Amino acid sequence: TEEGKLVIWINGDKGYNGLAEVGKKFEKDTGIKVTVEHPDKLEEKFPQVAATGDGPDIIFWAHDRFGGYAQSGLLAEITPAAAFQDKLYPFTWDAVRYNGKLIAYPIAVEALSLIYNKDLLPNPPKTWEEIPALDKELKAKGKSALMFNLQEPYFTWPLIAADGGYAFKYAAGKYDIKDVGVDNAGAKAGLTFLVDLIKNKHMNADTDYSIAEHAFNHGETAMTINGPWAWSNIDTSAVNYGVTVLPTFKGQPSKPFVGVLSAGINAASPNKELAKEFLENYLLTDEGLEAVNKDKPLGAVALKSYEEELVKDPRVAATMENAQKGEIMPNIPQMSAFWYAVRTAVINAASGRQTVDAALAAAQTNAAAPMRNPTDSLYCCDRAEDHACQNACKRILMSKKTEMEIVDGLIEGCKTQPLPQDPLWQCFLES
């Protein structure tokens, strides 16, 4: 990073050009230039490059991965005023709260919807169970019924969760990380149905985002499953399409994992005041969010002034109907392991290299696997009396060490007085 400049990272499927237009407006008003980038596998790249002090000032992703970043000390605590908080819907703030602190700015609510081709299929199906017969009928006309991304577990999760599949058990405002629900009856029923669609040649196992998107946008498949960002390319196409409630499975709603696109501030960034300026007064405005939305649609934005009007479009109404039927994703550190384990299971089951039961049993263990993590005592680095020690502490606790190595590193870089009288060491001992 560089003082007086902002660098922002955001996913390739989002409105990066539109975000850049907001950046041009920020530079014209204030003289601070904004560079928008969309690197590949940005959600894994950010925690890597923040360990090297080579991260952006601002990072965009769905809120589920932010708790992990915050745990690891990669995010500054943001400081919106009461007046500003009131401009956004309370629940979007709830998605960015981690151990009591606001760790990112909420942007927009994301939910998966069923997208169908009104000409090939004027009445979309209300249940998953009727889709196989629909494909047989459409195959007679050289088409298919449904194609969606089988490589990302986000797209398959609504079916997995419909009859009972869950990520982490939620008991009184707390997620139990030892209780993973990806191997219960409901999860197996859902994944088995997908696998049976593949075996019965109503779907193929290699379908991914580009393939499904191409099939739907060129009138070859009657349906896909995707989020607001995908409407842009469909609008550009000649397809007459609708966006509606996901089909039910075993009489239950499909439960998508709902994402809140969020903008976090790099803890290592020297531009935290400029990042706050840009996010609060330029991006989180009607004119800013419209600039991004115009490019790729955001969905149900967190800003009330804009959302009150935007929700008039039926596709946004559909996103909200789908989101209300599902659950806000957890923001806990364990979400990254949960996602990776379900990704393996679905691919391995869909390809037939494992059985549903074998794939999902492995996922339960891996999603529950506890990690060694010292980053839980990062807050003690803030009680250091010197600046040099606070930073030395942050790097020691961040950097993969054993406990012996953390204790020894802190002694080397952070002993200024006797240990029993030092507030940083008193904090560390208790923690």
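Don't overthink the numbering: it's just position in the shown sequence, from 1.
Peer 1: Could you settle it for me: does 171 to 179 or 281 to 289 have the higher average Cα B factor in the PDB entry?
Peer 2: Averaged over C-alpha atoms, the B-factors run higher in 171 to 179.
Peer 1: When the Cα temperature factors in the entry are averaged, is it 253 to 261 or 197 to 205 that ends up higher?
Peer 2: Averaging CA B-factors over each stretch, the winner is 197 to 205.
Peer 1: Highest CA temperature factor in the entry: which of 85, 336, 233, 117?
Peer 2: When the deposited C-alpha B-factors of 85, 336, 233, 117 are compared, 336 is largest.
Peer 1: Which has the highest CA B-factor per the PDB entry: 59, 406, 36, 368?
Peer 2: By C-alpha B-factor in the record, 368 ranks first.
Peer 1: Test of reading the entry: by CA B factor among the chain's modelled residues, which third contains residue 65?
Peer 2: As the PDB entry reports it, the C-alpha B-factor of residue 65 lands in the lowest third of its chain.
Peer 1: Would you mind ranking residue 316 by its C-alpha B-factor against the rest of the chain and naming the third, lowest, middle or highest?
Peer 2: For residue 316, the deposited C-alpha B-factor lands in the lowest third.
Peer 1: Among all modelled residues of this chain, ranked by Cα B factor, put residue 12 in the bottom, middle or top third, i.e. lowest, middle or highest.
Peer 2: For residue 12, the deposited C-alpha B-factor lands in the middle third.
Peer 1: Could you look up the Cα B-factor of residue 94 in the entry and say which third of the chain it sits in: lowest, middle or highest?
Peer 2: Tercile = middle for this residue's CA B-factor.
Peer 1: Give the position of residue 275 by CA B-factor within its chain, expressed as the lowest, middle or highest third.
Peer 2: Middle third.
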